[PDB]
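What follows is a single chain, given as structure tokens, in the form deposited without this ligand.
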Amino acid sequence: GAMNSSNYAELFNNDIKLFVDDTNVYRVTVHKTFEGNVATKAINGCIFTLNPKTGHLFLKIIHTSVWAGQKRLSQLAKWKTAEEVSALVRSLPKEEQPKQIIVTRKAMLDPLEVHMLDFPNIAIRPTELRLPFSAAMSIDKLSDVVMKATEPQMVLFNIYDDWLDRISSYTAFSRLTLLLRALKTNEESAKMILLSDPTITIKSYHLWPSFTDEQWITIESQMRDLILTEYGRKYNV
């Protein structure tokens, strides 16, 4: 059934699973027309498909041409997501296909279930966790490849950089969700924290800065402060 705080370590067992987040698939800017009406302009989006055990991220870029001439785009976006996730699974060798796909939004359950009818043994599950994957587009290198795309494209990343050499996947996922929660609550501050010290760089093949273990503890403490703050600045506490 649904994934929650109680069965959290299941994410890091040896059954292949993927999170799918669709919140950045259909993206628009809202603007005024010359007549003073309102209109939308689509911008490029992405499907965020993540193996939480390995850090492997399958970033399917959604180019704005896929919406041309289509109606009810927010509904179509869920079905397009499911189409692309199904195509990804079919592209993988059998031994790499997931045994479960966890969707971050319940509205993805029926579209993905219907697209995966060929795979009756792959479980499609919701979650009660409020995961911050919408903030993936606050990661500069991810945002950059999405905005530069001129055609549909799949780009593969490891969202944990080399962390698994030093920490477990449980700890890596916890760091990732802390970073992303911070970026979602106050992007400017979070990004300031991450880059304030210019002697710590992002390797060309990485997404995040090359912190030592001790600097990560400081960084992580700064992100918690940020999140509790904003939680005060917000509710006044």
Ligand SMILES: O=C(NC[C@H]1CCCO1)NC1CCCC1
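Residue numbers run from 1 along the displayed sequence.
Just so it is clear, the following notes concern the form solved in complex with this ligand, a form of the same protein that is not shown.
Colleague: Does the 4.5 Å heavy atom contact test between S204 and this ligand in the deposited complex come out positive?
Modeller: It does: once this ligand is placed as it appears in the deposited complex, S204 has a heavy atom within 4.5 Å of it.
Colleague: Does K106 reach this ligand in the deposited complex if we count a contact as any heavy atom within 4.5 Å?
Modeller: Answer no; every heavy atom of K106 is more than 4.5 Å from this ligand in the deposited complex.
Colleague: Going by heavy atoms, what in 153 to 168 lies within 4.5 angstroms of this ligand in the deposited complex?
Modeller: Read in sequence order, the residues that approach this ligand (within 4.5 Å, in the deposited complex) are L156, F157.
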